[PDB]
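Everything below concerns the one structure shown next.
Note on naming: letters A, B, ... go to the chains in the order of the sequence lines (proteins, then strands), and numbering restarts at 1 for each one. These numbers come from the heavy atoms of this one structure, side chains and all, not from hydrogens, waters or symmetry mates.
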Amino acid sequence: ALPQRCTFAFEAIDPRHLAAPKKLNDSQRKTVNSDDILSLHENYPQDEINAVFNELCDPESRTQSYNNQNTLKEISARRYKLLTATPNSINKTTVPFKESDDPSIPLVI
Amino acid sequence: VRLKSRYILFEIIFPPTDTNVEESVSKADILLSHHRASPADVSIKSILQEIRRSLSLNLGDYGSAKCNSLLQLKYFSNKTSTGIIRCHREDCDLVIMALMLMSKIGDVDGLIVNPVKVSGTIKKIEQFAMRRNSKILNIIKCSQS
Amino acid sequence: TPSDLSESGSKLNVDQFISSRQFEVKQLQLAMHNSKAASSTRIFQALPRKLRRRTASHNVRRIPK
Amino acid sequence: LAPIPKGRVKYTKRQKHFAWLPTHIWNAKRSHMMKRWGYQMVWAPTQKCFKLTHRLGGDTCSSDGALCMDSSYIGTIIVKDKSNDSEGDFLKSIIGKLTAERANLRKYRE
Amino acid sequence: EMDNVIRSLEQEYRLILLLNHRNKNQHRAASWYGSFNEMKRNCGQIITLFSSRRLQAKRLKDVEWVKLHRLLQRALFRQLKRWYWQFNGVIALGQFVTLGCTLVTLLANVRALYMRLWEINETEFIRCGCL
Amino acid sequence: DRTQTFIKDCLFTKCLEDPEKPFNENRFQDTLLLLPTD
Amino acid sequence: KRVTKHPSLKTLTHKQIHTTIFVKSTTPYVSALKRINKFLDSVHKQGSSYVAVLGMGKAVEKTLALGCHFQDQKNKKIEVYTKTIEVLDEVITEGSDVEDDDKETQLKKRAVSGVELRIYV
RNA sequence: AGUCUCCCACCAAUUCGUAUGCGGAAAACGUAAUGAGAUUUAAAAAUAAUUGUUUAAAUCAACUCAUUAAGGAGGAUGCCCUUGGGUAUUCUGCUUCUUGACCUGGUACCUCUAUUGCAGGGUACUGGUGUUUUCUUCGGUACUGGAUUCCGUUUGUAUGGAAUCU
């Protein structure tokens, strides 16, 4: 049903960052008509996708992606220290993202 | 190397042998007049003895000895007149011919033995029996209108 | 205690293990199933052959020569 | 030509002819292996999936699942023009020579 | 009050560790074994939490309540049902039933002490800073 | 030892389809050893 | 003018697809009967109530035929609903010997009438 | 077919971090060059699996065990060939580099328990067999079936929290 032109590229988080494969929000499933697919051919963020492509092509950013590749023990320690957070009302099994001590990974689809 | 068994499904059908009474011509009417009921004097050892007598009378001595080694009636109830007899795969045709050559019961006369399904497993036999019982209800529901 | 000592090791007895803990099992079964606890049919399904695995040995391993 | 990477000396010493995918051990423990063209790819998983791939990945509608293929063996070249700060008039002719002018069109460019 | 529940829980943790050490090599590749390992790790975490509470010579810690309530909502509500379903499926299979029944009984008994301490210290939970 | 046997029979009638088989084919071990194999 | 037609958007969650037969224009009659019987038997173990039978365009006639077959043959309640289906068509707009497949594309919506046919047990 | 073995979740590492003749993810797995051996032996018999006979014991053939780490360069010998080049064997010798058996004590620095001596953890260094006689599993993380509903959001995170039934 989708058209030929469909390429979605962005910077994703580490796959080991997630604990369980949680599904995305599924509440607008019924209200999916042809207008959205018609607008998909118009609305397209060329700039960010091109930036991700240039980051993947350039060998300097591709190496910087390996800046701080945390180990399974470090991820387990982060999951264990998040057991005691400041909001003492909700259980979080995942781990938050950091703008300094975390590697940005570029994907292409 | 492996004992191959084969079960035979047979049914007792009573034809409406009455020339003084006119009959209705349709599907479910003749299905009901042919599947009326089995008489009270009906059992497993009474049908096995009758079929053994018939087999010994039609085939002979060795013809009955070769088939009577694994000739047993596994499941049969007189409410619907459907029975499952176990036999070998070598003498299955002989058992079918004996069922065909069944003349009458010692006390009950005028009946036909019809072999419907034959296979080497009881699960498929039960499945086919359930399918036939479900199919029977359709014409009944249609004719009750 | 449901377990016992021996000259060889420490062994576990299933009989007292489940006989002492019966009301807990009843409470668990009523907490899992509420309407089918009074019924008696087959609830749990057989394991798919895709998920079925095989059993290994009880030894550690064998080193190469 | 870029050479083999530096993983584990033990496993790196094994191949010596055919490179290894980053999921070699996993697939080798799941699927069968073979070496045809300077590389080691998978042939087929242990469990038979003739009718499974048909109902899952095929053009059928009853597809409740997904199939993942390790396509790391497909080699790629990234080509860029450094001769000028402008459009790829050189890559235009390069692609028109390599492939048919089907590739060198307005659609695949814009 | 806490002493009896903690003694019973760690005593059954002994049997958990023993049966795991026994049946490791036989069923390293299994789903019921993985559920058993996860349950053993959670039980060890809770038991070492309560031991840290105990040897401190007096029952007061603030992070203890928080992480105990974190693990309590994980062990009781979510992980329990899949554990029970797998433990009953592996015994419905018919390959290994004599230890599957013991596994089911062990889960049934470790759930009761968990909910017991839950209903005992719910008052402490609503007392300190939440609920 | 009647009652716990009846209870585990009611336990097998939920998982298994014929509950009286493991006792006849001797599939319910009364004892299970816990010792490193020597 | 060259114009191609893609299928219509199908958003099925997990089970609406299972108990639903999409009748094509080339789908045989007996195969449809067989798959409908399989769906009817498997519904209450899937956990649904009815079996959806969806067809649009040329297959509407034989879809209604399948419906009225099981209506009186097996004496099962049927429900017919008339719906609209929007389909996207990719057309070439005019604006070098180039293949017609690789050309500029424009999307256009087209509405068609269709029949949904639910069968009870 | 067979009471044989192993894979069918990961783990810059208490997780066989095993560059060890070759191939191989593993295998109580295949094969290659040399030497030796027969209850007088490393071990088979006349005081884990399998097979009716169940290796050998003039020579051959078959079984078991004991050695040979990957790639590049120089010299010598043998063959086609006699500018030269190719193959096989043998000696010198370099390149192939993740600050890791485990564990105890002392010293030096930093953080929490909301001043300190002291109590616990991490890292850098030195010294030692130190009762590591449980010579067979004992480390960490992971809700993997389906349906629906409630709530917060440009003040912060662009998505998160929890609930009912099978």
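Looking at heavy-atom distances under 4.0 Å, A:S89 makes no contact with the nucleic acid at all. Contacts of D:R30 with the nucleic acid, taken as non-hydrogen atoms under 4.0 Å apart, involve only primed sugar atoms and P, OP1 or OP2. Counting any heavy atom pair closer than 4.0 Å across all strands shown, E:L17 reaches no nucleic acid atom. Within the nucleic acid shown, D:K16 comes within 4.0 Å of sugar-phosphate atoms alone, with no base atom in reach, counting heavy atoms only. In this structure, E:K40 reaches the sugar-phosphate backbone alone: every heavy-atom distance under 4.0 Å involves primed, P, OP1 or OP2 atoms, never a base. G:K45 comes within contact range of no nucleotide atom at all, as no heavy-atom separation falls under 4.0 Å. Nucleic acid contact class of C:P64 (heavy atoms, under 4.0 Å, all strands): base. Counting non-hydrogen atoms under 4.0 angstrom, E:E38 reaches a base of the nucleic acid. Within the 4.0 angstrom heavy-atom criterion, no nucleotide atom of any strand lies near D:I25. Residue contacts for F:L35: at a heavy-atom cut-off of 4.0 Å it reaches a base atom on one of the strands shown. Within the nucleic acid shown, E:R82 comes within 4.0 Å of sugar-phosphate atoms alone, with no base atom in reach, counting heavy atoms only.
Rounded to whole Å, the P atom of H:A19 lies 28 Å from the corresponding atom of H:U64. Comparing H:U133 with H:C109, their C1' atoms are spaced 41 Å from each other, to the whole Å. Between the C1' atoms of H:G21 and H:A69, the separation comes to 8 Å (whole Å). Taking atom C1' on both H:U15 and H:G30, the two are 30 Å apart, rounded to the nearest angstrom. Comparing the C1' positions of H:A9 and H:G140 gives an interatomic distance of 14 Å, to the nearest angstrom. Comparing the P positions of H:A76 and H:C60 gives a spacing of 39 Å, expressed to the nearest Å. To the nearest whole angstrom, the two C1' atoms, one in H:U148 and one in H:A162, are 14 Å apart.
Checking the phosphate oxygens (OP1, OP2) of H:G146, a side-chain nitrogen or oxygen of A:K23 falls inside 4.0 Å. Here E:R28 does not reach the OP1 or OP2 of H:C6: none of its side-chain N or O atoms lies under 4.0 Å away. Between H:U18 and D:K13, no contact under 4.0 Å exists linking OP1 or OP2 to a side-chain N or O. When the side-chain nitrogen and oxygen atoms of G:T13 are compared with OP1 and OP2 of H:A147, one or more of them lie within a distance under 4.0 Å. A close approach under 4.0 Å does not occur between any side-chain nitrogen or oxygen of D:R14 and OP1 or OP2 of H:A19. Contact between the side-chain N/O atoms of E:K24 and the OP1/OP2 oxygens of H:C138 is found at a separation under 4.0 Å. Distances shown here put every side-chain N or O of A:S27 at or beyond 4.0 Å from the OP1 or OP2 atom of H:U149. Contact annotation: F:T37 does not reach the phosphate of H:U136 (side-chain N/O to OP1 or OP2, under 4.0 Å). Residue C:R53 has a polar side-chain atom (N or O) positioned under 4.0 Å from OP1 or OP2 of H:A9. The side chain of A:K22 places an N or O atom within less than 4.0 Å of a non-bridging phosphate oxygen (OP1 or OP2) of H:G161. OP1 or OP2 of H:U96 has not a single side-chain nitrogen or oxygen of D:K6 nearer than 4.0 Å. Distances shorter than 4.0 Å separate none of the side-chain N or O atoms of D:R8 from OP1 or OP2 on H:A12. Listed pair E:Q45 / H:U141 meets the phosphate criterion, a side-chain N or O lying under 4.0 Å from OP1 or OP2.
Base orientation for H:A61: anti, the chi torsion being more than 90° from 0.
For the adjacent pair H:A46 and H:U47, the base rings do not count as stacked by a centre distance under 5.5 Å and plane angle under 30°. Adjacent nucleotides H:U98 and H:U99 miss the stacking criterion of ring centres closer than 5.5 angstrom and planes inclined by less than 30 degrees. With a ring-centre distance below 5.5 Å and an interplanar angle below 30°, H:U123 is stacked on H:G122.
Rounded to a whole Å, the CG atom of E:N37 is 17 Å from the P atom of H:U137. Between the CZ atom of C:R61 and the P atom of H:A26 there is a distance of 10 Å, given to the nearest Å. The distance between atom CG of A:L82 and atom P of H:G161, rounded to the nearest whole Å, is 11 Å. Rounded to whole angstrom, the span from the NZ atom of C:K50 across to the P atom of H:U144 amounts to 18 Å. Here H:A142 presents its P atom at 16 Å from CZ of A:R78, a figure rounded to the nearest Å. Rounded to a whole Å, the CG atom of C:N34 is 9 Å from the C1' atom of H:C165. Atom-to-atom, OH of E:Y84 to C1' of H:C143 comes out at 17 Å; the value is rounded to the nearest Å. C:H58 has its NE2 atom 16 Å from the P atom of H:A28, to the nearest Å.
Counting only heavy atoms from C-beta on, C:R54 has its side chain closest to H:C6 among H:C10, H:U144, H:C6. Listed candidates were H:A25, H:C143, H:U18. Nearest to the side chain of C:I63 is H:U18.
Judged by the sign of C1'-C2'-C3'-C4', H:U82 carries a south-puckered sugar. Using the sign of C1'-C2'-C3'-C4' as the criterion, H:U131 is classed as a south pucker. Judged by the sign of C1'-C2'-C3'-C4', the furanose ring of H:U148 adopts a north, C3'-endo-like conformation. A positive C1'-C2'-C3'-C4' dihedral is found for the sugar of H:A108, placing it in the north range. H:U34: sugar pucker north (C1'-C2'-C3'-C4' torsion positive).
Between the side chain of F:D38 and the base of H:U136 there is no donor-acceptor pair of N/O atoms closer than 3.5 Å.
With the 3.5 Å cutoff on both pairing distances, Watson-Crick and G-U pairs in RNA chain H never assemble into a run of at least 3.
Remark on RNA chain H: of its neighbouring residues D:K10 and A:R79, the 5'-side contact belongs to D:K10, judged by nearest-heavy-atom nucleotide. Toward the 5' end of RNA chain H, the nearer of the two residues E:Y13 and D:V9, judged by each one's closest nucleotide, is D:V9.
A donor-acceptor contact shorter than 3.5 Å links the side chain of D:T53 to the backbone of D:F50.
Ring centroids of E:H27 and E:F96 are separated by less than 6.0 Å, placing the two rings close together. Aromatic rings from C:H33 and E:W85 are positioned such that their centres are separated by under 6.0 Å.
The shortest heavy-atom contact between E:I126 and E:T123 is CG1-O, 3.1 Å. When all heavy atoms of D:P5 and D:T12 are compared, the closest pair comes out as O-CG2, 4.1 Å. Across all non-hydrogen atoms, the minimal contact from A:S65 to A:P106 is OG-CD, 3.9 Å.
For G:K10 and G:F22, the positive end sits near the middle of the six-membered ring, less than 6.0 Å away and at most 45° from its axis. Geometrically, D:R8 engages D:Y11 in a cation-pi contact defined by less than 6.0 Å to the ring centre and at most 45° from the axis.
Relative ring orientation between D:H24 and D:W20 is described as parallel, the plane-to-plane angle staying below 30° on a 0-90° scale split at 30° and 60°.
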Requested in this report: Go through the steps for G:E116 and G:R118 under the test salt bridge (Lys or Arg N to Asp or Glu O under 4.0 Å), then give the verdict.
Outcome: CA-CA 7 Å; G:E116 181 188 9; G:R118 312 178 176 180; 3.4 Å; yes

